[PDB]
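Next comes just one chain, in structure tokens: the form solved without the partner chain.
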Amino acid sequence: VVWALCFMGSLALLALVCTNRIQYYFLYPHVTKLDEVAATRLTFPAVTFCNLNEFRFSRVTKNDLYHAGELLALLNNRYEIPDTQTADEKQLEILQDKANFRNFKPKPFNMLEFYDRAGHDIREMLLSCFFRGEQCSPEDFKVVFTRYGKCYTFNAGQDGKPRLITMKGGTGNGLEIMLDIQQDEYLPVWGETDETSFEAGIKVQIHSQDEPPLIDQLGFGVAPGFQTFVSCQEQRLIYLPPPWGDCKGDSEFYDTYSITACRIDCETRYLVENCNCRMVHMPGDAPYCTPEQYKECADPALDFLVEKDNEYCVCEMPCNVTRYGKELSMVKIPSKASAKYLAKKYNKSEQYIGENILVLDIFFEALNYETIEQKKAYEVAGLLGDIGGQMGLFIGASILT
């Protein structure tokens, strides 16, 4: 009659000191391991950059001024040059002969074509380019359309080309661009629209190859008259899917899931079901918005969605994020001495060089690769270890009875 209490005393301590660890299991806890090391090889990121000015003044034709003149605030609602014009009398004449629609027959007009043709040409802006002593050409830049207009992406890596790498830190083993923003080609600003800009220079974004560029929201700036240094540090974050975390691709418009991809997606669907068209920089296969559609539907609907609406788009957290810690710095260019030299080399005035020339150095530092990853704190393996150790006693007692 004591054996029955040696079996009940054995079964008791089994579940009694066992149920305390299974509750910790169904909590689905997660440890976040950190590791900041230096990789022997480093997959250099994609570098998308855009000019703040959207359309070249010398590329805007009479027909273009007719279709998108009002959108660019170069014309009023009645196809006339606004009286509020604030330009010199030299561009006024050139612009008036262009706004002369007497006996003019409007040819067909396409926005995507306008951006592509009237946009800034990487072949004129790129005065110099290197990547690890390797000289690169405009053919290394993949054309990408975004809110700013016709932009470009170095080391885009999609399309059949392999993504570049770097194995050493410092400027010597990174991207170095010398651009000519061409202020002389900047459109006159006579009004305030989503296609006009008070600023001069470029907007840049450093992102993973498989992450679409949201350059108008998440980009940084680079000004003319300065050589900008950008020390970067690649940070890779990994999250756990639920039951452990909140993270988680539909593959509707983009290959990999990205917060940006998700937003670009929502912006597109929204702008489509509101205007029955998409903006030049948007995915999908909807009719491209016309200059008129931009002013009266496209721009407004998009601005509202992004700046005012917080109900429509609900983007979940990605299970894989690649973040680049940027550290900027600059020096003046040109020096009082090298000015007259750069002026002759590019057949420009000395003053011009100071207002237009730009140099950008994007690279990594010594410590270049950091990882913040969520690991499963308590897995099934280790669970059965301690709970399994209590079985050897319940089995040995189940025989004596």
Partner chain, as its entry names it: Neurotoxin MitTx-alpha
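By rigid core we mean the largest C-alpha set that fits within 1.5 Å across both forms. Residue numbers count along the first chain shown, from 1.
One more form of this protein exists, namely the form solved in complex with the partner chain; it is left out here, but the text below deals with it.
Undergrad: So which of 94 to 102, 154 to 162, 108 to 116, 304 to 312 is the stretch with heavy atoms within 4.5 Å of the partner chain in the deposited bound form?
TA: The contacting stretch is 304 to 312.
Undergrad: Here the chain is shown alone; which of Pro287, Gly249, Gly284, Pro243 has a heavy atom within 4.5 Å of the partner chain in the deposited bound form?
TA: Selected option: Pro243.
Undergrad: Taking 4.5 Å between heavy atoms as the contact cutoff, choose which of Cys266, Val144, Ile81, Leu126 touches the partner chain in the deposited bound form.
TA: None of the other options qualify; the answer is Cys266.
Undergrad: Taking the partner chain as it sits in the deposited bound form, is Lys62 near enough to touch it, meaning that at least one heavy atom pair lies within 4.5 angstroms?
TA: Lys62: no, not in contact with the partner chain in the deposited bound form.
Undergrad: Please run the contact check for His30 against the partner chain in the deposited bound form: heavy atoms, 4.5 angstroms, yes or no?
TA: Yes - in the deposited bound form, heavy atoms of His30 and the partner chain come within 4.5 Å of each other.
Undergrad: Does the partner chain get within 4.5 angstroms of any non-hydrogen atom of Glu139 in the deposited bound form?
TA: No, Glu139 sits far enough from the partner chain in the deposited bound form that none of its heavy atoms falls within 4.5 Å.
Undergrad: With the partner left out of view, is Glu316 within 4.5 angstroms of the partner chain in the deposited bound form by any non-hydrogen atom?
TA: The answer is yes: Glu316 has a heavy atom within 4.5 Å of the partner chain.
Undergrad: Given a core-based superposition, decide whether the C-alpha of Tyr28 shifts by 2 Å or more between the shown form and the other one.
TA: Comparing forms between the shown form and the other one, the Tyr28 CA shifts at least 2 Å.
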